[PDB]
Amino acid sequence: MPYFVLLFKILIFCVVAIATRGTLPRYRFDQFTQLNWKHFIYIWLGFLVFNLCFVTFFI
Amino acid sequence: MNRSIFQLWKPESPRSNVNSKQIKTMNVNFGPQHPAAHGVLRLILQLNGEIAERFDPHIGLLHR
Amino acid sequence: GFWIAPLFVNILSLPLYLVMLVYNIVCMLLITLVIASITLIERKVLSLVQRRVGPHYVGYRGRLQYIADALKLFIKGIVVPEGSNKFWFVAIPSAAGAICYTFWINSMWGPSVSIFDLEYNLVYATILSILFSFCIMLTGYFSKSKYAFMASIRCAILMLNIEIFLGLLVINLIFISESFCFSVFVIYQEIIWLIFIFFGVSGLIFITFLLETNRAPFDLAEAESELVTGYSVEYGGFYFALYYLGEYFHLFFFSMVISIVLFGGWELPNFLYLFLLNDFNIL
Amino acid sequence: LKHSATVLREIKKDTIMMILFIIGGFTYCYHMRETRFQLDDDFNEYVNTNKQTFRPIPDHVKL
Amino acid sequence: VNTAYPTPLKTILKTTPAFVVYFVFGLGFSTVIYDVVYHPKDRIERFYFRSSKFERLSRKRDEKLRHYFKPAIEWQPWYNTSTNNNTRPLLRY
Amino acid sequence: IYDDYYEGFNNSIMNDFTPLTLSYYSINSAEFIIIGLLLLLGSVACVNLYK
Amino acid sequence: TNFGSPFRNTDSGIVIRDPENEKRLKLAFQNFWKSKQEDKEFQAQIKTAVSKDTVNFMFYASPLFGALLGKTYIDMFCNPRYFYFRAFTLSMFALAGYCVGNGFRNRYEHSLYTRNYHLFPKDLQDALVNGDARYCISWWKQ
Amino acid sequence: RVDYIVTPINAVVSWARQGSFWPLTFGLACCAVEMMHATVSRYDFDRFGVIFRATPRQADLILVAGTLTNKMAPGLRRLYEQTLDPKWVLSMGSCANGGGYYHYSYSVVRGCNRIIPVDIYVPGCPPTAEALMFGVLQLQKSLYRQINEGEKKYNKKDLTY
Amino acid sequence: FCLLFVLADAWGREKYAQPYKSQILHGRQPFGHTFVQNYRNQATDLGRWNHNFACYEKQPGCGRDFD
Amino acid sequence: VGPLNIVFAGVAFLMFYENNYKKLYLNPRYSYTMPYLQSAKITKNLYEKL
Amino acid sequence: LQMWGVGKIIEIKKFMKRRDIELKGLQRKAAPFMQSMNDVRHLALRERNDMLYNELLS
Amino acid sequence: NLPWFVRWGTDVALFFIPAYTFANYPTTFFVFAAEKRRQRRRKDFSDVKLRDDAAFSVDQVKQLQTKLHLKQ
Amino acid sequence: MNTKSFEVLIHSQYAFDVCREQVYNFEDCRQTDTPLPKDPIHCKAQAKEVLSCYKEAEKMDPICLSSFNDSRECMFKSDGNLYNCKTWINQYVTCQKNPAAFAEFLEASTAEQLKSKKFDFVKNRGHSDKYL
Amino acid sequence: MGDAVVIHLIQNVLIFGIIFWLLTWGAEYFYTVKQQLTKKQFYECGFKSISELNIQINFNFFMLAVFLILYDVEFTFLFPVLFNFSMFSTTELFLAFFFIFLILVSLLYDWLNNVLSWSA
Ligand SMILES: CCCCCCCCCCCCCCCCCC(=O)OC[C@H](COP(=O)([O-])OCC[N+](C)(C)C)OC(=O)CCCCCCCCCCCCCCCCC
Ligand code: SF4
């Protein structure tokens, strides 16, 4: 059944999250809010526009 | 960018309500039992939106 | 009998409700055991990264560490600070426990293999995340501890970024699947996983995954070094156990969501043999 | 950064290769779209085999 | 001759008991969900919204006929319950 | 109980957003653009009110 | 296969893994092609999106084009004393070229058995659409 | 006849509390540094389940590892009082035990046992990480045994009354 | 830049057949859209409506059913 | 108890019994609404009395 | 990769559209008889209502 | 005597084969009941209407299916 | 009229080739200039004629029982997806059109084709199934 | 979106919480809590807190909150066209791109005036 492979992928992602917790430092709320509202939101919107343009290219 | 100095600092004028601290300051203490206080520092920390405004470091809790 | 039969309709339907309750209780117990095993896995993986054995003397070679942790959190006594509102101090953990055990209803394990026929899984996930954020904020506020309240404020600030980030990720995701259901994402990932399209925003996907699960670098509202403990400064015993369980439930189920919507769902990796795979098999 | 001549040559190499790679990717996407058009044509030819009947609208339906 | 495991393999292998117990619990949970869905339908009923409109009409036509058409076509003025616990309309208005 | 099977098999719609699309992007598109301009001007006015 | 047959869902609810049926179907269609190989009008009626010569040229040139691109890539960017990675990159480029060529060939087959679907007899059409060789027993039995 | 149930559950509760002994992240001095050394890879407290919690509400063990001054004694007393029950106390180091080097000082409590009750004492200055682990393991064994030390006598049917 | 590129490609797709011309410049929408936006429309002038097959008589491939 | 309380109990029992009676015996019992009172057989035709 | 993945997703959607064309043909073959059954049952339930209305309102 | 990968292969096999079987058969010890229900769902000749101008009678069809070893 | 929905779909897939005149008359009677359907009261005679021809077309040949059962099982497990079961439905309709020819069809079967058909649309999903 | 079965599952979750409550009470059998002066007081790292109810925040991110409201509304408005983008036409494409452009313009104006940071 598919949930076997699904559980494998879930375990992989959980291990990745645990390793990242053990690896990376901690951001600041102001720092990440500035990063999200000045860089990442624009990246998301531009990627959405790119996807729309590509879909219109391929119909 | 443009200028944002007025958004960066807030001075106090005599008897000026707007220039005064129009808020109850969060006078929490970075007390001893704190992972970042090394256990023997009582830093009376006056904060304004988690911004460290005033410091009163009580030391001597390990004075021997 | 012809005259005794009418009286028994409802009292005969009641055992079916009892059976449904038993099934739901079994499912909740199993998912709680999954969460406990995930906690043990996290301890062992952090042990691997930090070059230490980890849990090794609870059970034989540390097999029953999670059971011991859960039972200890049961046995730990709880006192409500007399300066705090007792009603809210006890109710907010109960609401968090109720909400965190609604996560497993919004989970797909195959094509239309789920407890309910939820067409709006992403909407349900958003609603449950917002409700748990409400619980965290009120936990910080009603404890009347300054560190806990600052942790609640940090949690609120996260939801400002969490909402935008997750909403834009969903906006970019539902553009392909054209549905909030998780199976519709999987039907498009049999050839190539959707991570291929979003490879340019793979860093942002990592940010979203670590941000919805409140793991580092977005472990804000916990801030072990900065705010002492997180929102649970005044909470011990099974209230803290409920908060920990809610965090790990969110981690597990958002990992499932990410796997379903971006990493093939429940499909084996077929892009590794993409160069050797044909399009059609005619005749 | 005052890069050496070797570093400048490497930068030129990688930027030229990137431009050529982007152009080749766009050309291959054009080809892939054309192949999709061909597949659609093939399937239309298949599916319109025994569906050549066109029934006129009855005269009781007005303009 | 010492045929022992590679050291990186050993180090990463002192997590596989936890991996196995997680897999056992997760397989149990998923199997219980699957069986709870499977038992009433004797199958895995594909979701209603995962079907085309004609398919949706065909799937629920028998339920419509058995639960609403037969009571409506065999209705008598004395069949309705004197209380307000009647059958709710298909479209709640 | 009446079901129009001809319209059912002639219907390719697979989501409930069709009226919303037909509104905000076909007929009420004027009010959609008006609401977009309204939100833009409201953000500008919010910035000015903060200042 | 990525998409399977365009006429059916290849493994919808049951996996059919009969090699004999596939051999019978291939033999039946081979016999059909051989029977009308000398029919000039039927050959004139055969239509395809891509010609056989173009398909063969793409199938035998895309791997070569990919190999040349991989050689260029490993000469420009790879240190020439690292056999494992240089060979892996060259093999990946060659496999990408082979993927392009095999896609060309498979699309040729798809266009062959769909554009000319109206030229098959009724039993052959049924066998092709349903994937069951029992629909045309007179083309593979003897 | 209630002793039939509680005694196995007594054992289960003792095993659970010894398998999840969470001490409070509260250190003062060189003893606190050695305590931190007793957590890292070489001596892994996570093997026995000892993981540090930052708040006394979530801590079972109060590890007084450092010098207690007259400016800190009310703080230690409040930390002990606010720790949720059941709780145990480990005094690590000569300063915590009886003052140690600063026993003849004007601003030293001369032992944390004068302020809060101490369950177990580790003598070194600083105790080695092995000594601290020995103290923690002995405390875990004792608290496992403390739930049933044989206080209740046995009747003619060998059931505790 | 991507928007300009896709618009230029869409205008360059006029060389293809009608089913494969750009959907940007050629509306291909479900039957409800087709009927409502073209009913009593003299600009398109699609003629009568085939109720069973949900298409206008002048639209290509309308009323196509099995032989 | 009380007179009006007994009257209420009688009327409520009458409502309960009448509702269940009309569910059981005045109804096309083709839809499974009452477990353990309707049959659990697997039907073959469209209309089979449960 | 983004452009190629969008192209592949569009190819999958077009293949699904071809399958939808075939399925719609099958449903069209199935349409008239289901519609006839539905219309007959609908008019049977309308004849009873018309008779009831004519008896009550007369 | 045995290489490490052979010794490691035993443990991964012991993890995978039971887990793979359990995932393949969620309804443990009830697949036989499901098969019996599927067999009972098959309509027989009496459960369906049969045309009178039949090329093969019911007995002929049964004999043909027995000859062909059709499991149905 | 007493037949379940999926069996009605299968019998209609067969009967569309033999009820052609009745279906055409019913469709011409129900045509209109709007996607809104015509009142069924105007098409009652044609609908009843179609139902009569369909009932006459529901009497399957005895040799087609196995194919009909396979189609029923596929439609049950697929929750009414005709495309996922077009192969078995086509087998049934080919049996109905010519039974003896279908006897020859069955005689030339393989070992895999002679096994019982068990359907599991979760374990086996196909390739790019939109409705799944 | 669920139904009465979802409501019944919420009830079952409440019953599961009741089970956890029973376990917690049974655990409460196994210890005694001794009344102490500061045991039920606020914890502020070992010293008495100087405030109980008046713990006020500064809320320097109210601009971020209001922009979150507006942009969540905008994304909700963007949802329908993306759900049914396969049927897009010239009008729908123009409207979607113009709406995204307006969102980007609003964000850029917010950036220009330095209202996306903290204030004193
Ligand atoms: C302080 C409020 C700030 C704004 C809150 C905005 C909404 C936040 C929503 C998130 C959850 C909040 C806590 C929920 C639990 C407490 C309920 C509450 O406030 O009761 C007040 C009410 C009223 O409180 P009261 O009695 O103090 O009010 C009387 C009015 N005064 C005091 C002003 C005169 O409490 C009760 O009625 C108590 C008994 C019923 C309790 C019911 C809830 C218990 C928990 C059950 C599970 C809940 C989650 C279910 C999840 C299902 C799946 C999603
Ligand atoms: S006992 Fe010794 S090592 Fe410990 S705090 Fe005192 S001086 Fe330092």
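What number of residues within region I:1-52 are more than 23 Å from N:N84 (Cβ to Cβ), touching a residue at least 12 places away in the same chain (Cβ under 8 Å), in contact with a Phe, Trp or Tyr (Cβ under 8 Å, 6 or more places away or on another chain) and assigned to a loop (DSSP other than H, G, I, E, B)?
0
With (1) over 18 Å from C:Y57 (Cα atoms); (2) in a helix (DSSP H, G or I) as the list, and H:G27 as the residue in question, which single condition is left unmet?
It fails just one condition, (2).
If the requirement is being free of Cβ contacts under 8 Å to residues at least 40 places away in the same chain, more than 7 Å from every other protein chain (Cβ to nearest Cβ) and surrounded by fewer than 15 Cβ atoms within 10 Å (Cβ to Cβ), which of these qualifies: E:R92, E:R56?
E:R92
Please specify each residue of region C:73-105 satisfying the condition of being away from ligand 1 (no atom under 16 Å from the Cβ) and in contact with a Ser or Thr (Cβ under 7 Å, 6 or more places away or on another chain).
The one that is away from ligand 1 (no atom under 16 Å from the Cβ) and in contact with a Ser or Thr (Cβ under 7 Å, 6 or more places away or on another chain): C:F74.
Given (1) buried (at least 18 other Cβ atoms within 10 Å of the Cβ); (2) under 30 Å from G:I16 (Cβ atoms), identify the lone condition not met by G:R86.
Only one criterion is unmet by G:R86, namely (2).
Residues in region A:28-38 that are of a type outside the set (F, W, Y) and either within 14 Å of the chain's Cα centre (by Cα) or facing chain C (nearest Cβ under 7 Å) (or both): how many?
Total meeting the criteria: 2.
With the structure loaded, tell me whether C:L227 is surrounded by 22 or more Cβ atoms within 10 Å (Cβ to Cβ), away from chain K (no Cβ under 14 Å) and assigned to a loop (DSSP other than H, G, I, E, B) or whether it fails that test.
Yes, satisfied.
Can G:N79 be described as closer than 19 Å to D:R33 by Cα and without any contact (Cβ under 8 Å) to a residue 60 or more places away in the chain?
The answer is no for G:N79.
Quick test for you: out of H:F26, H:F21, H:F48, pick the one residue that is under 18 Å from C:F238 (Cα atoms) and away from ligand 1 (no atom under 16 Å from the Cβ).
On inspection, the qualifying residue turns out to be H:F21.
When region H:1-52 is examined, which residues are found to be of a type in the set (D, E), surrounded by 20 or more Cβ atoms within 10 Å (Cβ to Cβ) and over 19 Å from H:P126 (Cα atoms)?
Answer for region H:1-52, where residues must be of a type in the set (D, E), surrounded by 20 or more Cβ atoms within 10 Å (Cβ to Cβ) and over 19 Å from H:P126 (Cα atoms): just H:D46.
Check C:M108 against each of (1) part of a loop (DSSP other than H, G, I, E, B); (2) touching a residue at least 40 places away in the same chain (Cβ under 8 Å); (3) within 16 Å of ligand 1 (Cβ to nearest atom); (4) within 19 Å of the chain's Cα centre (by Cα) and name the one condition it does not meet.
It fails just one condition, (3).
Got a sec? Which helices (runs of 4 or more DSSP H) wholly within chain F have at least 2 residues that are touching a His at 6+ places or on another chain (Cβ under 8 Å)?
Correct list: empty, since no element meets the threshold.
Search region H:107-122 for residues being within 16 Å of H:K71 (Cα to Cα), part of a loop (DSSP other than H, G, I, E, B) and within 15 Å of ligand 2 (Cβ to nearest atom), and hand back the single one that is farthest from the other protein chains (Cβ to nearest Cβ).
H:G111
Please state which one of M:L36, M:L65, M:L9, M:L114 is under 30 Å from G:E22 (Cβ atoms) and surrounded by fewer than 21 Cβ atoms within 10 Å (Cβ to Cβ).
The unique qualifying residue is M:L114.
Report yes if G:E109 is at the interface with another protein chain (Cβ under 10 Å from one of its Cβ atoms) and surrounded by fewer than 19 Cβ atoms within 10 Å (Cβ to Cβ), otherwise no.
yes
Answer yes or no: is there a residue in region C:116-129 that is within 14 Å of chain A (Cβ to nearest Cβ), more than 10 Å from ligand 1 (Cβ to nearest atom), under 19 Å from the mean Cα position of the chain (by Cα) and hydrophobic (A, V, I, L, M, F, W, C).
The answer is no; no qualifying residue exists.
Every residue in region H:60-76 that is away from ligand 2 (no atom under 16 Å from the Cβ), in contact with a helix residue (DSSP H, G or I) (Cβ under 9 Å, 6 or more places away or on another chain) and outside any loop (DSSP other than H, G, I, E, B), please.
Selection gives H:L61 alone.
Considering only residues that are facing chain D (nearest Cβ under 10 Å), part of a helix (DSSP H, G or I) and either among the hydrophobic types (A, V, I, L, M, F, W, C) or more than 20 Å from the chain's Cα centre (by Cα) (or both), which ones fall in region G:119-140?
G:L119, G:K122, G:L128, G:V129
Could you grab me the full set of residues in region H:77-106 that are within 14 Å of ligand 2 (Cβ to nearest atom) and in a loop (DSSP other than H, G, I, E, B)?
H:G93, H:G99, H:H103, H:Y104, H:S105, listed by residue number.
It is to be established whether one or more residues within region D:41-48 are within 24 Å of G:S5 (Cα to Cα), within 14 Å of chain G (Cβ to nearest Cβ), more than 22 Å from the chain's Cα centre (by Cα) and aliphatic (A, V, I, L, M).
yes
Look at N:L68 and say whether it is out of contact with any strand residue (DSSP E or B) (no Cβ under 8 Å at 6 or more places or on another chain), in a helix (DSSP H, G or I) and farther than 23 Å from I:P30 by Cβ.
Judged against the criteria, N:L68 is a match.
Can you tell me which residues in region M:1-53 are more than 8 Å from every other protein chain (Cβ to nearest Cβ), of a type in the set (A, V, I, L, M), part of a helix (DSSP H, G or I) and free of Cβ contacts under 8 Å to residues at least 24 places away in the same chain?
M:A45
Among the residues in region C:204-217, are any within 14 Å of chain K (Cβ to nearest Cβ) and either surrounded by fewer than 22 Cβ atoms within 10 Å (Cβ to Cβ) or not in a loop (DSSP other than H, G, I, E, B) (or both)?
Checked region C:204-217: at least one residue is within 14 Å of chain K (Cβ to nearest Cβ) and either surrounded by fewer than 22 Cβ atoms within 10 Å (Cβ to Cβ) or not in a loop (DSSP other than H, G, I, E, B) (or both).
If you check J:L46 against the conditions, is it of a type in the set (A, V, I, L, M) and loosely packed, with under 10 Cβ neighbours inside 10 Å?
So J:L46 does not fit the description; no.
For region N:86-98, indicate whether the set of residues that are hydroxyl-bearing (S, T, Y) and not in a helix (DSSP H, G or I) is non-empty.
Yes: one or more hits.
So if I check each of C:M150, C:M159, which one is buried (at least 22 other Cβ atoms within 10 Å of the Cβ) and under 30 Å from C:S225 (Cβ atoms)?
C:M150
Considering only residues that are over 30 Å from H:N148 (Cβ atoms), among the charged types (D, E, K, R) and more than 7 Å from every other protein chain (Cβ to nearest Cβ), which ones fall in region N:4-53?
Listed by number, the list holds a single entry, N:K48.
Could you look through region H:123-156, keep only residues that are among the hydroxyl-bearing types (S, T, Y), away from chain N (no Cβ under 14 Å) and touching a residue at least 12 places away in the same chain (Cβ under 8 Å), and pick out the one that is farthest from ligand 2 (Cβ to nearest atom)?
H:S142
Restricting attention to region H:96-114, and to residues there that are of a type in the set (A, V, I, L, M, F, W, C) and touching a strand residue (DSSP E or B) at 6+ places or on another chain (Cβ under 9 Å), which single residue is farthest from ligand 1 (Cβ to nearest atom)?
H:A96
Cβ: placed from backbone, ideal geometry, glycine included. Neighbour counts: every protein chain shown. Laboratory data are not the source of any read-out in this text; all were calculated from the coordinates shown.
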